[PDB]
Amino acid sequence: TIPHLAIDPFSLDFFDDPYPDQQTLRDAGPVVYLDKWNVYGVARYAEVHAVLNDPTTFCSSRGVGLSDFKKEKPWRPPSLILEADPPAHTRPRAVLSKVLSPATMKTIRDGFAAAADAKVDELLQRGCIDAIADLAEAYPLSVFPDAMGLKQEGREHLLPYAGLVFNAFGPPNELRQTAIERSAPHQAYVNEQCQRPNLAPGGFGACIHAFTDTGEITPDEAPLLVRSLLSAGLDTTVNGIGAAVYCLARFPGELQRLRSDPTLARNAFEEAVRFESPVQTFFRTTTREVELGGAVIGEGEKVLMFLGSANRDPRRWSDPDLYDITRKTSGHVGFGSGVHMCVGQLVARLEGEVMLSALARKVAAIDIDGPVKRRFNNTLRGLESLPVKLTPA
């Protein structure tokens, strides 16, 4: 009853152009079986959303990568939030929610905005730039490590560690095994910075440690929660901002609408997250035999959710393949959905908003003027290089 497909969603062919294969996956049925990796797949919005919103049946504690923690050793100690189920999930989630709250956003907004304005001003002096290295990477590197309260030394390890984390959610292909074999220095750096004495007062890291006396988390849990922000908090935003700039470069009409109303910046970033979905795929593991879209899935089975596909499903979205900065984006799953829905989403949106605001007010045109190069990662979608010419407004 379940169709079997030979599509490898972790192949370079797929990463290069995933959209046709995603339609094939959606149109094959609500649930498919991927023979390449012996996992179930769901690529339609309705089933992805259903799976995300049933954490009892579709759990995270057995890993959200291909590997089943009940069968294999996790490459690093499990995340206390991403790779936990309720009730263990609930208090660490509450702490990170309070750390990355509205009040915190109010304390960092002016600084994030100033840095975004300054970066765009710098880039306009250069005119011809790489929108990845010089903007999508450079801007979050100029604000997030500082907001964490990291020392200056060693920050070159942050993006490699993130690449490793997102590759490690994948199957044991070359991308994954190469990342892990090179991992030791990046892990050593990240783990050390997670300790209380290495995190500057007033930062996100110190704030997590400060919550260790409320009864929500203990002191021994705090380093792993800092590790969650150092895993998830930088490379995601790099690919989100890169997505938005790439979208504005490819859809000049939308850049012109954004210029005419810079208060569209937050939605323009949100629509970039829907349209490119920086985080493409994640797994769950079934805790029982379950019926999903008329198909029966056995206990202890890995289920691959195609978030990018769900965000392009014409069953849910009108003109899904258009970038539309006045689209009603609510309901997209680019930040997940349900109890694990991105706890850093206010930081992500703040970065994206103030950068797109700066572009809207300072830039008249973004023209690609060189070869675009894609970055291949088992979980992350984005570019390696995006040469553009920026015309000042």
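Throughout, we count residues from 1 along the sequence that is shown. Rigid core here is just the name for the largest C-alpha set that superposes within 1.5 Å across the two forms.
Chemist: Output the stretch, either 208-216 or 304-312, that has more C-alpha displacement from this form in 6 other deposited structures of this protein following superposition by the rigid core.
Modeler: Stretch with the larger root mean square C-alpha distance in 6 other deposited structures of this protein: 208-216.
Chemist: Would you determine, from the values in the PDB entry, which of 253-261 and 118-126 has the greater average C-alpha temperature factor?
Modeler: Looking at the record's C-alpha B-factors, the answer is 118-126.
Chemist: Should the higher mean CA B-factor in the entry be assigned to 225-233 or to 152-160?
Modeler: Comparing averages over the C-alpha atoms only gives 152-160.
Chemist: Comparing recorded Cα B-factors across 281, 195, 167, 318, which one is largest?
Modeler: Max CA B-factor in the entry, restricted to 281, 195, 167, 318: 318.
Chemist: Per the entry's Cα B factor values, which of 61, 53, 326, 38 stands out as the maximum?
Modeler: That would be 53.
Chemist: Among all modelled residues of this chain, ranked by Cα B factor, put residue 173 in the bottom, middle or top third, i.e. lowest, middle or highest.
Modeler: Tercile = highest for this residue's CA B-factor.
Chemist: Quick check on the deposited entry: does the C-alpha B-factor of residue 30 sit in the lowest, middle or highest third of its chain?
Modeler: As the PDB entry reports it, the C-alpha B-factor of residue 30 lands in the middle third of its chain.
Chemist: By its CA B factor, does residue 188 count among the lowest, middle or highest third of the modelled residues in the chain?
Modeler: Its C-alpha B-factor, which the entry lists for residue 188, ranks in the highest third among residues of this chain.
Chemist: What third of the chain, by the recorded C-alpha B-factor, contains residue 331?
Modeler: Top third by C-alpha B-factor.
Chemist: Divide the modelled residues of the chain into thirds by Cα B-factor and specify which third, lowest, middle or highest, holds residue 354.
Modeler: CA B-factor rank for residue 354: middle third.
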